[PDB]
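Note sheet for the following structure.
Here the Cβ positions follow ideal geometry from the backbone for every residue, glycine too, while neighbour counts run over all protein chains shown. Values quoted throughout were computed directly from the atomic coordinates according to the rules given, and no laboratory measurement underlies them.
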Amino acid sequence: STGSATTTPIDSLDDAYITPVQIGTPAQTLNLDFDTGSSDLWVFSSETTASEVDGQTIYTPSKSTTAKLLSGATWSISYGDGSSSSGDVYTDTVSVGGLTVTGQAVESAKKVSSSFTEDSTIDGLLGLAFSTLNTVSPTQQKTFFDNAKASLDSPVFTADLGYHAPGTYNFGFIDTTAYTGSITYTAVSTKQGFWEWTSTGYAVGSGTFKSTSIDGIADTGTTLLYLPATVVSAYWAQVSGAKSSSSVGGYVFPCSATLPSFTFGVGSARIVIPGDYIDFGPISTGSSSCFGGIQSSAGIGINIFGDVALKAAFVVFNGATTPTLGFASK
């Protein structure tokens, strides 16, 4: 089997991407944030505290003939941005782009933190990291990809995120028309539950490439590119007037600037992020200070190849017995 679904930016900045997902019988379509940095499929629901729902579409298990309470199971998750959610668990039929999994754990939110409530465009998350990170207790549950894998033509999914435009998540096949050149594959460590890999270095603009190992995670659920402070300083030093602002929470730059590109290495190959992809617009409405799309990871504990990096590439998440990642230009 295979599946193919379009993913769409939630706003003009590509702050996140939503993909329609069919849950239950008859289908209830919710727009979920596919997140290769986590491993829970959770949704706004008829159980979510009413004051914490503000425009989201909800899953109502009582209206699904295939929903079953997973008795005794609870979940609770906290994300790197400080947001969180928790609740109970149903199993139900879940389909993405024509690919159907029966018996998928659908984690129903009873509580969500303010950032989720305040984002009316995201109805939940669909985790695509390794199932060892799934938070369901006392019986840990499998991701949608893990459940689908055996049925797929090939045990892979691909992320093809757009810049200010829709893109595609494919399951079970590699669309050879969706990228240019060849795909360069690189080793993955699953020791932390992430799609963790080692970039071979970077360049800023037209500058020379610096060969240096940068361990980090391919994370579709993080907006920006978070890299070591040395790398980030070398980038922003090429932008007149750019500075790190403690009050704003990162590097800012004059909105009048033209930003240089940023290149990262994948083995001997190179992925180029155009400068425009690094512009996240005014820090507040009407400001002439703009927020940068490359930020320091120094306070995180891990480097994160988020959407800013991934949307410059066609990315293969290879879930074979030994997982690997593939990157191609496009």
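Before moving on, here are some points about what is shown:
- Residue list for the range 46-73, filter: part of a strand (DSSP E or B) and over 23 Å from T7 (Cα atoms): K68, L69, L70, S71, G72, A73
- Cross-chain or 6+ apart pairs with Cβ under 7 Å, the range 171-195 first and under 18 Å from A269 (Cα atoms), then of a type in the set (G, A, S) and in a loop (DSSP other than H, G, I, E, B): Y179/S329; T180/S329; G181/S329; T184/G267; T186/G267
- Strands (runs of 3 or more DSSP E) contained in the range 4-45 and holding at least 1 residues of a type outside the set (A, V, I, L, M, F, W, C): 17-23, 28-35
- Verdict on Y251 being in contact with a helix residue (DSSP H, G or I) (Cβ under 9 Å, 6 or more places away or on another chain), in contact (Cβ under 8 Å) with a residue 60 or more places away in the chain and surrounded by 20 or more Cβ atoms within 10 Å (Cβ to Cβ): no
- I18 meets the conditions (1) free of Cβ contacts under 8 Å to residues at least 40 places away in the same chain; (2) out of contact with any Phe, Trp or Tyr (no Cβ under 7 Å at 6 or more places or on another chain) in every case but one. The failed one is (1).
- Restricting attention to the range 93-120, the residues that are farther than 18 Å from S78 by Cβ, touching a strand residue (DSSP E or B) at 6+ places or on another chain (Cβ under 6 Å) and among the β-branched types (V, I, T) add up to 6.
- Which listed residue, of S62, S113, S78, is under 21 Å from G193 (Cβ atoms) and either surrounded by fewer than 22 Cβ atoms within 10 Å (Cβ to Cβ) or hydrophobic (A, V, I, L, M, F, W, C) (or both): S78
- Check on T93, touching a residue at least 24 places away in the same chain (Cβ under 8 Å), more than 19 Å from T117 (Cβ to Cβ) and assigned to a strand (DSSP E or B): yes
- Count - residues of the range 192-228 that are of a type in the set (A, V, I, L, M, F, W, C) and either part of a loop (DSSP other than H, G, I, E, B) or more than 24 Å from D14 (Cβ to Cβ) (or both): 4
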